[PDB]
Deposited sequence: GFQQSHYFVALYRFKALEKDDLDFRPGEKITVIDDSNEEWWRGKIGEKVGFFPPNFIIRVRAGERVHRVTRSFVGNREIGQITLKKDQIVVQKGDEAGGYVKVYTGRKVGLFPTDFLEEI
């Protein structure tokens, strides 16, 4: 299992982790529920856990590339979503952290 940033976090303190949507984060210390400690590349630091999403082993992470309302899920440009199942008919099920459902393969780019 691994973690991806859902949102931008800008470091406010020296020991803050700074990161962008889509970056992979290795969690060191998840003992505190307001502030986890983790690492990106060489940098170690603190960040708020709500800013990242856990991803199953071998799951695929995508950035939404175009705002699209569905009939079967809505998503906005630059959202981070996790892919569920395999594609079919130009769509695949993607998970937002709160909603699950089918979204156009062509409005996604993998990260």
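Gaps between the deposited sequence and the modelled coordinates occur at 1-5, 77-80, listed in sequence order.
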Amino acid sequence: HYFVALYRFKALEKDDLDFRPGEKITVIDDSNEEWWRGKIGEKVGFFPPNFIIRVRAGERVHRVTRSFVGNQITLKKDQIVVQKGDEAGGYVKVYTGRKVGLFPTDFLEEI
From here on, numbers count along this sequence of modelled residues.
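Of the two stretches examined, 15-23 and 96-104, the record assigns the greater average C-alpha temperature factor to 96-104. Checked against the record, the higher mean CA B factor of 79-87 and 46-54 lies with 79-87. The residue among 73, 64, 28, 40 whose C-alpha carries the highest B-factor in the deposited model is 73.
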